[PDB]
Structures are given as C-alpha cells and as structure tokens.
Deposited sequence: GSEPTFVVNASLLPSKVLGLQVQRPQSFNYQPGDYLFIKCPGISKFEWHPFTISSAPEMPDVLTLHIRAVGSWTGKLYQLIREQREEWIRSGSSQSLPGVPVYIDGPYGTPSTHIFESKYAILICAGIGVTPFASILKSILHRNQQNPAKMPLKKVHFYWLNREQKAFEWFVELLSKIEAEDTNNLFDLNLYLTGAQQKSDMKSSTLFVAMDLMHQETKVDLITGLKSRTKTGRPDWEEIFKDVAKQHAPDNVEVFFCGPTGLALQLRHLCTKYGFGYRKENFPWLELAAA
C-alpha cells in the first residue's frame, strides 16, 4: 500500500533516536509486529528503508516509528528533523509545524504477530530491536481492558538488553504503565545493561544467563509449548537457537 503522507511530529530521544509520528491513511490497517518501508524524498528521492510500526493499531490517527541514526539515511533523517525543529524553537509559531512528506509501503508481517496465538512467549530484544515488542505489549494492554480472557496468551517473559542505560527511556512509560496495570501478572519484565529505570523491576547487569532463564521458563510451562521471539544480533540468535532445541521451544530462523 503506497501513499503520500507526512511526519506530523517527532520526539528526539536518547542514543540518537527519532520518535516519528506519521499520519495514518484512512485505508491503512496493520497488526502489532508489522513493519513498513518508508521513502523520504528530502533525504533520498529513490531509497526505501524498513522500520517497525512501534505503535499499536488501536491508536487511530498516527503510526509511530522509532528510528535510530546508525548510518547514511537515518543520520540524514535525524539531521533533517533536528534542524527543522531547531529552526522552529528560534522562529516557529507563525504557522503550525510543516510536515516532512514521506511515502509508506506496507504493512509487511513477521511471525512475531503469532505471539497472540501462543500460550507462553519469550520476547528477547537488543537495542531498538525492542520496537516490534513495544507494539505487541501496547496491543496486549488495549486487548485486556477490552476483551479480557479472549487471548490464549497466558505468560509473556520479556528480556530487553541495552549497552547504554539512557536507551530504556524510549519505552520506560510503557514499561511503567504495564507494571501499574498488570495485577494478574501476565508479564515478567527483565531489563539488562550489558530500580535503575525507576521501575519496580530492577535493571540487571551483564549478559543474561540464557541457559538458566530457558531452564526456569521450561520448568514453569512444562509440558506445554513455549514460543521464543527474538529481535537482535546473530551471535545471540545462535545461542538462543541451540537453547530452543535443548528445551523444546519454538524458534523462527530470522538471523
């Protein structure tokens, strides 16, 4: 689905991240975990770059993307949006904020959307790899307030690894809101620096002991199936793949 829309707003967030807000076309349906390709003619007339929709589809007028400046195209879009926003602190009030025109193509699925059909799920992510899971956690919130107990999902074990403490700020509010509203203990939140967050859940330190974690989760849910969903580096995916075979957990090869 190709359409000419606009970044109507953006946050600048630690570790050179943009919280893009993009105007959602009337016809654009998506599921949590979906991504799209985005073209920004102001950056490159012809290049398309894929990004997770970090929002949940229950939010009604805007899509969110969280994009980290890691190289040429994201570095440029960061500088464009920083510069347009500076330009406005200095002299902006006259007319409302001008939207960055962008084209979007999607949505495109990942098997992560199957999380809502799983009984027990492990979500492991590194860095901005969190975004698909950000979308899924928000969607799970809306879906308990709306239709309680219509979800086969009984337990979500969440693990989010970060080199820099500041990066947890991207979704500290979401994690807080989940800590407040999860009386029934659907979620097991685990933040690793590779509380410190101001959450009830203490930020842990070092690489997790994945062997001990899988052993414990296997023990909790035997003899039922556990599904592992991963968004992160290949070195970790090799370890996780070996562990999913050892304990009988679902793995999708995505690295």
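Asker: Point out each run of deposited residues with no C-alpha coordinates, keeping the order of the sequence.
Answerer: Residues missing from the model, as numbered along the full deposited sequence, span 195 to 221, 283 to 291.
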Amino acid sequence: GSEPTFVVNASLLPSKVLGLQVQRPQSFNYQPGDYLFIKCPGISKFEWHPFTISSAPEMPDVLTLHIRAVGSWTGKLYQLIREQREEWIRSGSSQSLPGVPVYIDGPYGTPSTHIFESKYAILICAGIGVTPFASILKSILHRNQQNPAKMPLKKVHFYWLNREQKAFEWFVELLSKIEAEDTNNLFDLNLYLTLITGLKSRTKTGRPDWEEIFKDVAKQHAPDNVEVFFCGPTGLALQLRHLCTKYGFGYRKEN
From here on, numbers count along this sequence of modelled residues.
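Basically, rigid core = biggest C-alpha set you can superpose within 1.5 Å across the two forms.
Asker: Once the rigid core is lined up, would you tell me whether 182 to 190 or 63 to 71 has the higher RMS CA deviation in 5 other deposited structures of this protein?
Answerer: Stretch with the larger root mean square C-alpha distance in 5 other deposited structures of this protein: 182 to 190.
Asker: Looking at C-alpha RMS in 5 other deposited structures of this protein with the core superposed, is it 18 to 26 or 234 to 242 that drifts more?
Answerer: After the core superposition, the stretch with higher RMS deviation in 5 other deposited structures of this protein is 234 to 242.
Asker: Take the C-alpha B-factors listed in the entry for 178 to 186 and for 87 to 95, compute each mean, and give the stretch with the larger one.
Answerer: Looking at the record's C-alpha B-factors, the answer is 87 to 95.
Asker: Got a sec? Mean C-alpha B-factor, which is higher, 21 to 29 or 236 to 244?
Answerer: In the deposited entry, the stretch with the higher C-alpha B-factor mean is 21 to 29.
Asker: Among the candidates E227, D34, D61, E212, give the one with the maximum CA B-factor reported in the record.
Answerer: That would be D61, according to the entry.
Asker: Between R202, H221, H49, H66, which one tops the list for C-alpha B-factor in the PDB entry?
Answerer: Of the candidates given, the C-alpha B-factor peaks at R202.
Asker: Quick check for you: using the entry's CA B-factors within this chain, is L191 in the lowest, middle or highest third?
Answerer: For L191, whose C-alpha B-factor we compare with every modelled residue in the chain, the answer is the lowest third.
Asker: Sorting the chain's CA B-factors, does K155 end up in the lowest, middle or highest third?
Answerer: Middle third - that is where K155 ends up once the chain's C-alpha B-factors are sorted.
Asker: What third of the chain does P132 rank in for C-alpha temperature factor, lowest, middle or highest?
Answerer: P132: CA B-factor falls in the lowest third of its chain.
Asker: How does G109 rank on Cα B-factor within its chain, lowest, middle or highest third?
Answerer: Lowest third - that is where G109 ends up once the chain's C-alpha B-factors are sorted.
Asker: Using the temperature factors of the C-alpha atoms in this entry, rank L141 within its chain: lowest, middle or highest third.
Answerer: Highest third - that is where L141 ends up once the chain's C-alpha B-factors are sorted.
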